[PDB]
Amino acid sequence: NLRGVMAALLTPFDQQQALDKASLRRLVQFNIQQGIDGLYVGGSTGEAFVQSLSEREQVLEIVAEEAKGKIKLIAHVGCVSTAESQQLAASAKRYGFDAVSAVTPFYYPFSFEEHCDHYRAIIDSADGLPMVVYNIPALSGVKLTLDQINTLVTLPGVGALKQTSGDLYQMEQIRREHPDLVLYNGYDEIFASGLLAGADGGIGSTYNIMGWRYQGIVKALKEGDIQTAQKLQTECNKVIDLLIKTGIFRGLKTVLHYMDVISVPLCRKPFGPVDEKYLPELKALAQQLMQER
């Protein structure tokens, strides 16, 4: 079962921008400790697009060693290249992941038929692991229609869709057309509204520091406690407001650093460092979250 609240894992680096293995292991354990349902590895949040294939594989392997069998593991193996995506998919299979995922190939304009074959090829290489189609027009530049999304999610081997779109009319339409589809809400800031529209779970970057709040919104809605659902979403958004200002990945890494999880809060260039003017708020947030749970 792939339904649930899963954190989009960050990739800790050292001062020289190389993978910080110890911090990666610590972050995985930190997520498991807070009760996350699983981890989405190698996606935007893992800074996969500023990493080489071997580096992405290294992360996948380490995460599997740390969490396989404890929580669900989804490997984002997407690359612009189909061959590269297939290589990562085969590795994900070898490491024991529960599923693979791929963002619609970007930069170059590809036809819908080319997108479909891309997924089929990756699904083939995943050798049994279900595919999680990844729709994120804001970053990919690929704007799929409802009909195209319907076609992609019905491809043999596809078991879920990570929907990083704020269009909740489309979210409802997808649920209506696919009653049993695992549908992850992608934008943390509309989690509550996304679940109401039809999503049955979610994958997000901020889950790394406050995943319990999202689990709290799932519970609240399940119990009909709209008031609690809204309060939690509001608090999540006050945090997201900040992270968008500071830079999301580096902001999250900085909070995790103050929580003593990540040794060095750096992102790889061209991502710049956090503006020191935000440190007071990030430190205060880390303190608040540590007390909260």
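Each residue number is its position in the shown sequence, starting from 1.
- The stretch 60-68 shows the higher mean C-alpha B-factor when 60-68 is compared against 233-241 in the entry.
- Taking the PDB entry as given, 212-220 carries the higher mean Cα B factor of the two stretches 190-198 and 212-220.
- As recorded in the PDB entry, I226 shows the highest C-alpha B-factor of the residues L256, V41, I226, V50.
- Annotation for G204, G96, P137, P105: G96 ranks highest, by Cα B-factor.
- Sorting the modelled residues of the chain by their CA temperature factor places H118 in the middle third.
- Remark: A8 belongs to the lowest third of its chain, ranked by C-alpha B-factor as recorded.
- When the modelled residues of the chain are ordered by C-alpha B-factor, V261 sits in the middle third.
- The entry lists a Cα temperature factor for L88 that places it in the middle third of the chain's modelled residues.
- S125: CA B factor lies in the highest third for its chain, per the PDB record.
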